[PDB]
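Undergrad: Got a sequence here, can you model it:
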Amino acid sequence: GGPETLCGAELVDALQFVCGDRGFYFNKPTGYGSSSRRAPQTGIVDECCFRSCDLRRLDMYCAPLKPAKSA
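TA: Numbering: from 1, shown residues only. Take a look:
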């Protein structure tokens, strides 16, 4: 029962809804540079759980999306 925030099972559920049946994945703990380490890039759960992550940004963790019109 946080201050109108998403964290825990509820947070995961929101991710599934936003991402859809497509699913989602988690970014690696390390990549390039040390700036990412300083920032809360450890996990999407911690970012939303602690800080207030926007729905639009949250969609980034969702799986790739394709256009309505086939290419």
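Undergrad: Show me the helices in the chain, by range?
TA: Assigned helices in the chain, in chain order: 9-19, 35-38, 44-50, 55-58 (criterion: DSSP state H).
Undergrad: Of those helices, flag the one that's most buried.
TA: Among the helices of the chain, ranked by average contacts under mean count of other CB atoms under 10 Å, first place goes to helix 44-50 (a mean of 17). Using the backbone N, CA and C atoms, a C-beta is placed for each residue, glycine as well.
Undergrad: how far out from the middle of the chain is that helix?
TA: 8 Å (CA atoms, centre = their mean, to the nearest Å).
Undergrad: Put the alpha carbons of that helix into CSV.
TA: What follows is helix 44-50, C-alpha atoms only, in CSV (Å, rounded to 0.1, in the frame of the first residue of the first chain):
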residue,chain,number,x,y,z
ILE,A,44,12.8,-1.8,-14.2
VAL,A,45,11.1,-3.0,-11.0
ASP,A,46,13.3,-0.9,-8.8
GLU,A,47,12.9,2.1,-11.0
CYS,A,48,9.1,2.1,-11.0
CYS,A,49,9.0,0.8,-7.4
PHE,A,50,11.2,3.5,-6.1
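Undergrad: Export the helices of the chain to TSV and append columns for distance to residue 69.
TA: Output for the helices of the chain, formatted as TSV (distance: least, CB to CB, whole Å):
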stretch	distance to residue 69
helix 9-19	21
helix 35-38	35
helix 44-50	30
helix 55-58	22
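Undergrad: Can you say which of those helices is nearest to residue 3?
TA: Evaluated over these, closeness to residue 3 peaks at helix 44-50, with 11.8 Å, by CB to CB.
Undergrad: Quick one: list the elements packing against that closest one.
TA: helix 9-19 (3 or more CB pairs under 8 Å, 6 or more residues apart in numbering; DSSP states H and E).
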